[PDB]
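Down below is the structure, laid out as structure tokens.
FYI, it's all coordinate maths here, none of it is from the lab. Here Cβ is always computed from backbone atoms with ideal geometry, including for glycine, and neighbour counts include all displayed protein chains.
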Amino acid sequence: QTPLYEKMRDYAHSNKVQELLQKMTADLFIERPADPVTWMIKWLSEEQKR
Amino acid sequence: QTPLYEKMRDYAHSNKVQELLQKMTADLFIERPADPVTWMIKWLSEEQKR
Amino acid sequence: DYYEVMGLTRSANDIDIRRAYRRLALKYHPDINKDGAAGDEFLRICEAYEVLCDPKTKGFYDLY
Amino acid sequence: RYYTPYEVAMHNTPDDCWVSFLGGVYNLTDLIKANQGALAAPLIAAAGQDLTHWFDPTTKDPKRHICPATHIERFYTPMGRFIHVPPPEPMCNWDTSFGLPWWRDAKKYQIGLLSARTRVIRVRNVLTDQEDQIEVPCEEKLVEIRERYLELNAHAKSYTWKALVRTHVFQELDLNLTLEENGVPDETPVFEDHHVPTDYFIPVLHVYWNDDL
Amino acid sequence: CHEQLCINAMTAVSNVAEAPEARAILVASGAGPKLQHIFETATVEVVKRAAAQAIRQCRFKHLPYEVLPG
Amino acid sequence: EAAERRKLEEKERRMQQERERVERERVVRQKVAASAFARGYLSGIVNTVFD
């Protein structure tokens, strides 16, 4: 129904999450690691400083 | 459609990374943290333990 | 999507869309349905039927 | 058995992918597991979705058309090239050794059968008053309605069912006859055609206890 | 006749007929008409009550319990 | 008294099953919708990041 979707659409189409996810995916595709989960852990760790 | 683009599409559409992304985004739109950078770190840390 | 809001599937006919909009827009109209989570629902019902009741717009949406 | 559309929707992931098309529910998980590339994208993106619009009724293969660019007849794949679809031009990697297309290999990739319609049954436990709406396929024997209701009461086998069969008196229901044979009709089409809300009246199934030990 | 024996048997039948299958055996062995006659023709109140309870206990298949005979 | 005890026991167990079912129902209802939206939004994200 509209209420459950709207609560998630409003969250996900807000700038912080969306342009965090897009840059993360871009760098993930560029790097091409064997195991993505620890690479995302690293990337988020050295991105938390920024 | 250079060999890089095709290789990226093969990696992007692979099982591992795509299911991991789908899982992470579903969980993140459930919890809805006001600081996804850290929630992603804790979520990935607990996932990697398995 | 424009389809799931009506409840129909991607292969719905024209009479199927007529019936779906009929029931969904007689269940959520402001003068009938007093209040609830029926603000966005009626607007998306109207938008979905307006998009899907005209073959040119319907097809252009279906391809994209 | 059978599946409501929502039940098919529960499985949408490369780990458990279910698709409903032409009345059949298919578990394509081993396909996506064995074919992991850009070929698997257009049906991963429609995991748990209804895939009947891809195909045509007369033949079980997907729709075909005269390709505008090459003027050679081939499958209409606006979504993209799904598994088991040949490339438009002569390649050197698309083998045809495999046996049958997945939309034709029913024995190996079909489980259950999609319900053409669903209805709402209001089950009422008469001993301990607990109303419950539920959706079940409109063509199913009471044994599997009881199986659906087993998630509401783990002891529903001992209970006895009853319905307001026709004046109207609460009478027993045979298990092997569907809800329509047993005298519980479906009137939602008439409800809609007469501008009566489909949640105004719901048929009711009373569930009494049968003492055991 | 043999009144205490009759009421003891009646109580035993009432106890056993609570089991699911037992009912079908008791109605098969003719406990129905026997208990009906015992209830109908007797005047001792305690045995009459045992008879009414036994009859109601032998013909029930649902949790709502019908009113005791008589 | 034995009959009454059994009836009350079953009443209580059904009442408890109701609450447990409600909790699990809420969890699964949210999970499935989260998965569907994740599907759609991630398809969009991958298309845009590729472009």
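Check F:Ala3, F:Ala33 and return the single one that is part of a helix (DSSP H, G or I) and within 26 Å of C:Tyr2 (Cα to Cα). Walk me through how you get there before you give the answer.
Values: F:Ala3 fails: within 26 Å of C:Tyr2 (Cα to Cα).
Just one listed residue meets the conditions, F:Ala33.
Going by the structure shown, is E:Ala50 surrounded by 12 or more Cβ atoms within 10 Å (Cβ to Cβ), under 19 Å from E:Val67 (Cα atoms) and either out of contact with any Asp or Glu (no Cβ under 8 Å at 6 or more places or on another chain) or of a type outside the set (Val, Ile, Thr) (or both)?
Working: surrounded by 12 or more Cβ atoms within 10 Å (Cβ to Cβ): yes; under 19 Å from E:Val67 (Cα atoms): yes; either out of contact with any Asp or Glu (no Cβ under 8 Å at 6 or more places or on another chain) or of a type outside the set (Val, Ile, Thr) (or both): yes.
When the stated conditions are applied, E:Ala50 passes them.
Would you say D:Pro42 is within 12 Å of chain C (Cβ to nearest Cβ), under 20 Å from C:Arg10 (Cα atoms) and not hydroxyl-bearing (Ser, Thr, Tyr)? Walk me through it before giving the result.
On the way: within 12 Å of chain C (Cβ to nearest Cβ): no; under 20 Å from C:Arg10 (Cα atoms): yes; not hydroxyl-bearing (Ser, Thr, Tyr): yes.
No: the conditions fail for D:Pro42.
Give the residue, chosen from D:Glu139, D:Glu172, that is of a type in the set (D, E, K, R) and under 30 Å from E:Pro64 (Cβ atoms).
Values: D:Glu139 fails: under 30 Å from E:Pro64 (Cβ atoms).
Result: D:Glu172 is the single residue among D:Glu139, D:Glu172 that is of a type in the set (D, E, K, R) and under 30 Å from E:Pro64 (Cβ atoms).
For the subset of segment B:14-34 comprising residues that are of a type outside the set (A, V, I, L, M) and facing chain F (nearest Cβ under 8 Å), which member is nearest to A:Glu31 (Cα to Cα)?
Filtering segment B:14-34 for residues of a type outside the set (A, V, I, L, M) gives B:14-16, B:18-19, B:22-23, B:25, B:27, B:29, B:31-33.
With facing chain F (nearest Cβ under 8 Å) added as a condition, the list becomes B:18, B:22-23, B:25, B:27, B:29.
Details: B:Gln18: 15, B:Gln22: 19, B:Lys23: 21, B:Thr25: 20, B:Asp27: 24, B:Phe29: 26 Å.
If we take residues in segment B:14-34 being of a type outside the set (A, V, I, L, M) and facing chain F (nearest Cβ under 8 Å), then B:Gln18 is nearest to A:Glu31 (Cα to Cα).
Which condition number does C:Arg19 fail, the rest of (1) farther than 23 Å from D:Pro189 by Cα; (2) basic (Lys, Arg); (3) under 12 Å from the mean Cα position of the chain (by Cα) being met?
(1)
Got a number for residues in segment E:7-50 being assigned to a helix (DSSP H, G or I) and within 14 Å of chain D (Cβ to nearest Cβ)? Let's see the steps before the verdict.
Going residue by residue through segment E:7-50, those that are assigned to a helix (DSSP H, G or I) are E:7-16, E:22-28, E:31-41, E:45-50.
Keeping just the survivors that are within 14 Å of chain D (Cβ to nearest Cβ) gives E:14-16, E:22-24.
Here the count works out to 6.
Could you tell me whether A:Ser45 is under 22 Å from F:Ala33 (Cβ atoms) and among the hydroxyl-bearing types (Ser, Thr, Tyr)?
Numbers: under 22 Å from F:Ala33 (Cβ atoms): no; among the hydroxyl-bearing types (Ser, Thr, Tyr): yes.
Taking the combined requirement at face value, the residue does not satisfy it.
At least 2 residues that are buried (at least 18 other Cβ atoms within 10 Å of the Cβ) in each: list the strands (runs of 3 or more DSSP E) lying fully within segment D:24-128 that qualify.
On the way: elements: D:24-27, D:64-66, D:73-75, D:118-125.
Passing ranges, in order: D:24-27, D:118-125.
Given segment A:2-50, what helices (runs of 4 or more DSSP H) lie entirely inside it while holding 2 or more residues that are closer than 13 Å to B:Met40 by Cβ and out of contact with any strand residue (DSSP E or B) (no Cβ under 6 Å at 6 or more places or on another chain)? Give the steps one after another, and end with the answer.
On the way: elements: A:2-12, A:15-31, A:36-48.
Per the criteria, A:15-31, A:36-48.
Can you name the residue in segment B:1-34 that is under 20 Å from D:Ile83 (Cα atoms) and of a type in the set (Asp, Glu) and, of all such residues, is surrounded by the most Cβ atoms within 10 Å (Cβ to Cβ)?
Checked segment B:1-34; the qualifying residue surrounded by the most Cβ atoms within 10 Å (Cβ to Cβ) is B:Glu19.
With the requirement that a residue be among the β-branched types (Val, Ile, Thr) and in contact with an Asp or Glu (Cβ under 9 Å, 6 or more places away or on another chain), what does segment A:1-37 give you?
Within segment A:1-37, the first condition is being among the β-branched types (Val, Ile, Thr), and the residues that meet it are A:2, A:17, A:25, A:30, A:37.
If the condition is that a residue be among the β-branched types (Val, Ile, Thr) and in contact with an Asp or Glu (Cβ under 9 Å, 6 or more places away or on another chain), then A:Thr2, A:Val37 are the ones that fit.
Just checking, how many residues over segment F:5-32 are over 11 Å from the mean Cα position of the chain (by Cα) and within 12 Å of chain B (Cβ to nearest Cβ)?
So the first thing to find is which residues in segment F:5-32 are over 11 Å from the mean Cα position of the chain (by Cα), and the list is F:5-19.
Now drop any that are not within 12 Å of chain B (Cβ to nearest Cβ), which leaves none.
The qualifying residues number 0.
Restricted to segment C:6-44, and to residues that are in a helix (DSSP H, G or I) and among the β-branched types (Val, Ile, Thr), which residue is surrounded by the fewest Cβ atoms within 10 Å (Cβ to Cβ)?
C:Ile15
Please find, among E:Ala12, E:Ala19, E:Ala54, the residue that is under 20 Å from F:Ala3 (Cα atoms) and touching a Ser or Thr at 6+ places or on another chain (Cβ under 9 Å). Spell out the reasoning first.
Numbers: E:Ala12 fails: touching a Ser or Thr at 6+ places or on another chain (Cβ under 9 Å); E:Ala19 fails: touching a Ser or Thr at 6+ places or on another chain (Cβ under 9 Å).
Among E:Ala12, E:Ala19, E:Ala54, only E:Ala54 is under 20 Å from F:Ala3 (Cα atoms) and touching a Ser or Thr at 6+ places or on another chain (Cβ under 9 Å).
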